[PDB]
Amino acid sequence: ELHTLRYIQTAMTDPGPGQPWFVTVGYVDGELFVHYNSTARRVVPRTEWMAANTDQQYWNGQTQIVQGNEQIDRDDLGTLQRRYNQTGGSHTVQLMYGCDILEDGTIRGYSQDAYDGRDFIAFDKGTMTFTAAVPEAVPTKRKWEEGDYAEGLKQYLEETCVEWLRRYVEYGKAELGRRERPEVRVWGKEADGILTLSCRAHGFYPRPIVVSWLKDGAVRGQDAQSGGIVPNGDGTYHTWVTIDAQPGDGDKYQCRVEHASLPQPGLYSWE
């Protein structure tokens, strides 16, 4: 079974109006479970399974781990501006790290950093060295290698990350492993001698879905336009696939929805 843990960090100089400068969130199998912002200054759960399983000791302890990271990113925003020779303006520091438990049992650990949307420092678990993408990343590479900070980071991605992710999966066993059926609606619009058939799926879980258009029982790929898998505010997902067809052929077209919740692929039409 595939299980992933991802922690993303964002430090901004221009949030801007009525928004926190430091935002950081966590993900268990692509689902939002933990949140922290520079305004509230407290780690708040985002799922019911997270709050019901953890005590006050954990929530108070996690806040200080992030509070320290907030201070580090505050100093780094000023330190990096001096290296690039910048007086002010809009600048963003992004950090992405976590561990993935693959289907074949292999554990993959990653830690990447960026400045203004461009790669800065990428951790290599094999060679135990921090890779520099830009010439301004060399002083960070030199500093992090002498102090042997790579050993503590390797200990986290291989041990601390895996142990906690395995616990979070156990806490939300019924929530993460649930099957939610999508509500499918088919609507056609005729304009300039073109019939546009839209197939929309509402509120499904998990995230993977295969929505394909069929004409006379045969699948039509290249003509179909999709908007990908977009999320909902309650943890569910949404998707839309549109196809351009000749007017008077609408009845020949059928939308096929392939999802884990449905035992057999559901066939829908404009009716």
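Start at 1 and count along the sequence shown; that's the residue number.
**Request:** Higher average CA B factor in the deposited record is what I'm after, so tell me if that's 197-205 or 184-192.
**Result:** Higher of the two, by average CA B-factor, is 184-192.
**Message:** Tell me which stretch has the larger mean Cα B-factor in this entry, 151-159 or 174-182.
**Reply:** In the deposited entry, the stretch with the higher C-alpha B-factor mean is 151-159.
**Message:** Take the CA temperature factors straight from the PDB entry and tell me which of 47, 236, 212, 242 peaks.
**Reply:** When the deposited C-alpha B-factors of 47, 236, 212, 242 are compared, 47 is largest.
**Assigned third (lowest, middle, highest) for the C-alpha B factor of residue 59** = Answer is highest: the recorded C-alpha B-factor places it there.
**Message:** Ranking the modelled residues of this chain by C-alpha B-factor as given in the entry, is residue 216 in the lowest, middle or highest third?
**Reply:** Within its chain, residue 216 is a middle-third residue by C-alpha B-factor, going by the deposited values.
**Item:** Lowest, middle or highest third - CA B-factor, residue 96
**Value:** Lowest third - that is where residue 96 ends up once the chain's C-alpha B-factors are sorted.
**Request:** Among all modelled residues of this chain, ranked by Cα B factor, put residue 114 in the bottom, middle or top third, i.e. lowest, middle or highest.
**Result:** It belongs to the lowest third of the chain when residues are ordered by C-alpha B-factor.
**Request:** Classify residue 70 as lowest, middle or highest third according to the C-alpha B-factor given in the PDB entry, relative to its own chain.
**Result:** Answer is middle: the recorded C-alpha B-factor places it there.
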